[PDB]
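In: need a 3D model of the sequence below.
(chains A, B, C, D, E, F, G and H)
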Amino acid sequence: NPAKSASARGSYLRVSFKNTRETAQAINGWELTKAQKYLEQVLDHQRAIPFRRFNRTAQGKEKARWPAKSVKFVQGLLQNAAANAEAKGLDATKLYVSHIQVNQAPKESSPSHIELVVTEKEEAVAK
Amino acid sequence: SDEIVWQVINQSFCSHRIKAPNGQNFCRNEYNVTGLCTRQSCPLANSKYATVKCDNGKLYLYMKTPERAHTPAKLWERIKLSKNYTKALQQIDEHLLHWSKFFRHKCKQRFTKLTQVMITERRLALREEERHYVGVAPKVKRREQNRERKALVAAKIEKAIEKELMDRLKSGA
Amino acid sequence: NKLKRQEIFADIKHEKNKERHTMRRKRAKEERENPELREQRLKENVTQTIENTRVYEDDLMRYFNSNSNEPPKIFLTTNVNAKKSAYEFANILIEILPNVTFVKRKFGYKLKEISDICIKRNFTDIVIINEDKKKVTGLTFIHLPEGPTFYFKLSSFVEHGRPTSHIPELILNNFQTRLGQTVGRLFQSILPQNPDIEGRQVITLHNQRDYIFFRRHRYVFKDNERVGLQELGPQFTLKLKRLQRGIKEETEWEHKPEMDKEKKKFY
Amino acid sequence: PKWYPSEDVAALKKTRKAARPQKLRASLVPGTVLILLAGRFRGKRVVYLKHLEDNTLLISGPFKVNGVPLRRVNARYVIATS
Amino acid sequence: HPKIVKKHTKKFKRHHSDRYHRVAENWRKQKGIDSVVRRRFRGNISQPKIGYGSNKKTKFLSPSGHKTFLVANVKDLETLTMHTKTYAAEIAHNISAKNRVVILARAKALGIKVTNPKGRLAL
Amino acid sequence: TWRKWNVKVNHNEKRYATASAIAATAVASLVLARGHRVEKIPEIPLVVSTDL
RNA sequence: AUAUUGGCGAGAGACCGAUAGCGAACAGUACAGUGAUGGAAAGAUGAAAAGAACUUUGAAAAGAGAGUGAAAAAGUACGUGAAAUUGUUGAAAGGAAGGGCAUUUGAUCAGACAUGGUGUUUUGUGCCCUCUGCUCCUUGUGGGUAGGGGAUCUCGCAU
RNA sequence: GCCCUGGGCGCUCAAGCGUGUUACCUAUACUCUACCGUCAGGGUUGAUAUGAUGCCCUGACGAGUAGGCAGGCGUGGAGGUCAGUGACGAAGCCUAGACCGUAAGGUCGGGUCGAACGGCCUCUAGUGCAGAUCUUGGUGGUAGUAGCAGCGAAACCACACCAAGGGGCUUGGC
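Out: Numbering: from 1, shown residues only, chains lettered A, B, ... in the order given. Next comes the structure:
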């Protein structure tokens, strides 16, 4: 439902495709504020981003790494999505990343296109 | 002659033949009793022929003889068929007296089929079918689909409903 | 040369984006110290949305619509040779319409015969859904006296809460135009006219350009003077058509494919 | 009846199959008690009254004893007691 | 009509048509002598042969019992007047919806069965 | 460029073909099968005055 | 009178169609070689630029709104967008997979605007009865078309 | 004569051995029937209640390398014909849709697409791909690895732990 969701897209970025995909998977489905806090902690090396497909530490209990370069772009895109939602007048607290995808961009380095969508959780329902 | 004409139309690209996937050569000529381009059925391959055709509601028994082959402008004569079925059948039989049984049978079958085709009148009498067949162009379909989505996106029905409810219950309870 | 054209414009767009970003940053920074300048610039720059660029009786209501003095009986049927989808839609029609009687199509009783029988039974309106494939495509509503009727196209039919037995509240939006308020009056006279607010059930009709969105929601208020709502199941959009103004005679507004070129006037 | 065939569908040949009365098995005799193997009254005990011309058996529960009314039944779905 | 006994309903597929994407599903006989399919070893895909020939009395007849006949216009449709039971009018995919309604009206008037009615039409 | 383009035809056979084509025009049924709308010609072969 | 793959200027092709046709449809150009020499890749937006005014997040990439436009599922990476390949949702299944014979379960698609035919009984009509006409050939077991009078009428149609 | 000395699971009045008498399972083997085609014969009109190049009856036959013969599917272009199809949508493409044929393929149902293409008799050939350590262009595992928090390949690529019988199908197990 467009009336309850916001979108943000980044194309032709130079971040590593595999690392970006791992970061997106590690953040898919998380709450917007919680996702931002997790990314900030990752930048602080307190938590690590799991690498389940493209690959041993205690941080991986929740095989992990700290892709700072990819995380920077991921958090920038998340901030852009939050700004779009604010422009749309959505409730930031209820916002959660419902869709996130990475696509290989034209070729050298391996650029990729990253797009994410945030949707408002349904609550306050009664007879 | 008929044999030369028959073989030329058969093996030398008759213009009005149609080839069905089943392998039957059809004949869309208006003057043929049967729509099959076989011998003794195609009017061009036989000097003597008989068929039933109609322009107005009246049905006519069309036949030709070698007396008019040299004059195509007067090739086919016609007679009112006396659309009473019982009278029409006997009139056709009398007109085709001494003709080949194939021609008589085919003419009778064609006349009966054309007479029973009057079901069109039955459907016309039982008119007022409200389905009203309508064709949708691809361009028209594109307009509704995308513009409807744009209107839904711009409408923001939830916000309007919330605003109306807030304005309604302010002094409505 | 393709390479020359692509290269020239590729660099041009990058420079244009750089200049735009720098100008926006400088404007924001200078406006932070001069808030009024931002307001003046916003006033001097209108977004020019399509909505902002739109290109420019009590007797009638009683005579051609139902009134509270007598609840309206609505006759519900389906076009001949109907199938499961039509009956499934008729189920929702029963669930939403006040007083409905379902009768199988007899395939031969003319529209005049149906109207005469309905008059004999004191029916108020006739509603018939029509299908081509296994999907609903159009809906019609006709009033018995004087035969005012409307035909609606159906699209985007989608089946999350369970509606209660309470009668939903009726709200109409964007029916300012004379033609629009006629459909609004039709909806206000075909749907229940007696609200039972207790139970927080609401039914809304929202037209934007030409399509009207019908949805049901539960509404709960909070101390913040705002009301939240939750989807109550089906999604519905309709498009008015053929505006017959009679049973089948004297069409007044019947839509034509040649329209919609103007992009505006939102009939 | 009177409409000439608008399409000459070939007529059927003279079938040499004369109808014959059903030759019921000797075990089936009037007044025999019958057990129904299928249908609404499956498993009920029924009395054999009369043979019908449609290859069915006219039977009765009797209706008063077990509620089975006069109905047609096929000999192949019935077991004949002694 | 005689029963339409389909000797082989399953569509024949070329050997390895699914193992490699470069091999089209269109049937092609194996030419190598060592090919197992050519020797029709047990368990291999069935090879088309004269045995699967359909009978003439039911060949080309659709399950409805009417033979398909492509129709381009009213003139072509009128040719099936004497063969309505045996033949059915099929509208070509390139026929615009404008002429489709006219063709369907004539078919209904003549009682000719339509294999793909209502195509491109809306009610 | 030295591929064969023209086909040698016996003059007698060429005259035979022309004569056969001319004769074929005398049959209305054969002409009708050719696709010409000659259904209304007063006479076949069509003869007109030299003033044409 | 004879030759003519160079030059200028013309008329044509059962010729080829951007991996073809001259190497070059936008090149003997970029490029490599001290050098003689070799030698490419690249066509199409959209009717027209009407080429996204304006708001808004970003040092920068470009995003979200908004609108132009028949279409932006045509946004100068632009006539159309399939495979190999890659990421997401869903279903399924788990030191392998792939195909054939027969079937269950799950999902899912078709599945007659068929609504008839026959004999009987009222009523209104016509090409039906009767009177009076006109018109085409040839001449014929015809066709076309008019003006007065009714329901002897089922000769057809509609009830 | 037998018993010790010289396929697995399994069995001992055997489920082992020799002989004797009956019940049964099957292969494309054989009988009949249902259908496709080849061959051989025959029927056919003062014209056929469907192209004498048509509609039929009868019997047998049907493997196959090289090779020979016959009947067809598809494409570029050309002569002819459909007073063909088509902005109310031609071609192409997609399609866990359907129909037709033994198949080359044709046709129709739904989505993108936009402006040309096709039903049929002939002529014409730069006419049909599964490979040629094949050419152009494109993309994967190798691999986020070797290597130089970040950047980042190359070779190679039909396919993926063992016991016995048999070069990596039979019977089983880490």
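
In: name the single longest helix found in the chain.
Out: With no chain named, the answer covers chain A. Of all the segments of type helix in chain A, defined by DSSP state H, the longest one is helix A:68-88.

In: looking at chain F here, not the other one
Out: Under DSSP H, chain F gives helix F:11-24 as its longest helix.

In: packing partners of the helix or strand following it?
Out: Using DSSP states H and E, the helix or strand that follows helix F:11-24 towards the C-terminus is helix F:28-33. Contacts of helix F:28-33 with other secondary structure elements, assessed using 3 or more CB pairs under 8 Å, 6 or more residues apart in numbering or on different chains; DSSP states H and E, are made with helix B:2-11. C-betas here are computed from N, CA, C, even on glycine.

In: what angle do helix F:11-24 and the helix it packs on make with each other?
Out: Between the axis of helix B:2-11 and that of helix F:11-24 there is an angle of 100 degrees, by axes from the mean of the first three to the mean of the last three CA atoms, to 10 degrees.

In: buried residues, helix B:2-11. List them.
Out: Burial within helix B:2-11, assessed by neighbour count using 16 or more other CB atoms under 10 Å in any protein chain shown, is assigned to B:2, B:5, B:6, B:8, B:9, B:10.

In: partners of the next helix or strand along the chain from that helix, with directions?
Out: Beyond helix B:2-11 in the direction of the C-terminus, DSSP H and E gives the next helix or strand as strand B:17-19. According to DSSP bridges, strand B:17-19 forms sheet pairs with strand B:25-27 (antiparallel).

In: so which elements touch the following helix or strand past the partner strand?
Out: Along the chain past strand B:25-27, the next helix or strand (assigned with DSSP H and E) turns out to be strand B:49-54. Contact analysis of strand B:49-54 by 3+ CB pairs under 8 Å, 6+ apart lists strand B:59-64, helix B:101-116 as its packing neighbours.

In: hmm, the last one in reach of RNA strand G?
Out: No: remark: helix B:101-116 sits outside contact range of RNA strand G, by CB under 7 Å from any atom of the strand, the gap being at least 8.1 Å.

In: ok, now stretch B:71-85?
Out: Yes: for a cut-off given as CB under 7 Å from any atom of the strand, stretch B:71-85 has contacts with RNA strand G, namely B:74, B:77, B:78, B:79, B:80, B:83, B:84, B:85.

In: burial check on the residue nearest to residue E:35 when sequence neighbours are not counted, number of neighbours?
Out: Taking CB to CB, 6 or more residues apart in numbering or on different chains, and ignoring the residues beside it in sequence, residue E:35 has residue E:15 as its nearest neighbour in space, at 7.7 Å. Neighbouring residues of residue E:15 were enumerated by other CB atoms under 10 Å in any protein chain shown; the total is 18.

In: that's a strand at residue E:15, yeah?
Out: No: counting by DSSP: H, G, I helix; E, B strand; the rest coil, one finds residue E:15 to be coil, located in no strand.

In: wait, it sits on residue E:30?
Out: Yes: at 6.1 Å, residue E:15 and residue E:30 qualify as touching, with contact defined as CB atoms under 8 Å.

In: list the residues that contact both of those two?
Out: Taking CB atoms under 8 Å, 6 or more residues apart in numbering or on different chains as the contact criterion, the residues that touch both residue E:15 and residue E:30 are residue E:37.

In: quick revisit: of the residues of stretch B:71-85 next to RNA strand G, which belong to helices?
Out: Going by DSSP H, the helices hold residue B:85 from these.

In: and the residues of stretch B:71-85 next to RNA strand G as JSON lines, adding distance to chain A and neighbour count?
Out: Below are the residues of stretch B:71-85 next to RNA strand G laid out as JSON lines (distance: CB to the nearest CB, whole Å; neighbours: other CB atoms under 10 Å in any protein chain shown):
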{"residue": "B:74", "distance to chain A": "75", "neighbour count": "12"}
{"residue": "B:77", "distance to chain A": "75", "neighbour count": "13"}
{"residue": "B:78", "distance to chain A": "70", "neighbour count": "16"}
{"residue": "B:79", "distance to chain A": "74", "neighbour count": "12"}
{"residue": "B:80", "distance to chain A": "71", "neighbour count": "11"}
{"residue": "B:83", "distance to chain A": "67", "neighbour count": "15"}
{"residue": "B:84", "distance to chain A": "70", "neighbour count": "10"}
{"residue": "B:85", "distance to chain A": "67", "neighbour count": "16"}
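
In: and the residues of stretch B:71-85 next to RNA strand G, which is closest to chain C?
Out: Sorting these by distance to chain C puts residue B:85 at the head of the list, at 27.5 Å, by CB to the nearest CB.

In: show the backbone phi and psi for residue E:70.
Out: Backbone torsions of residue E:70, given as degrees, to the nearest 10, read phi -60, psi 130.

In: check chain D for the residue nearest chain E and tell me.
Out: Among all residues of chain D, residue D:7 sits closest to chain E, at 5.5 Å; criterion: CB to the nearest CB.

In: hang on, I meant chain A
Out: residue A:104 (20.4 Å).

In: does anything pack onto the helix or strand following the longest helix of chain A? Which helices or strands?
Out: As assigned by DSSP H and E, the chain's next helix or strand after helix A:68-88 is strand A:95-104. Identification of packing neighbours for strand A:95-104 by 3+ CB pairs under 8 Å, 6+ apart yields helix A:17-27, helix A:32-43, helix A:68-88, strand A:112-120.
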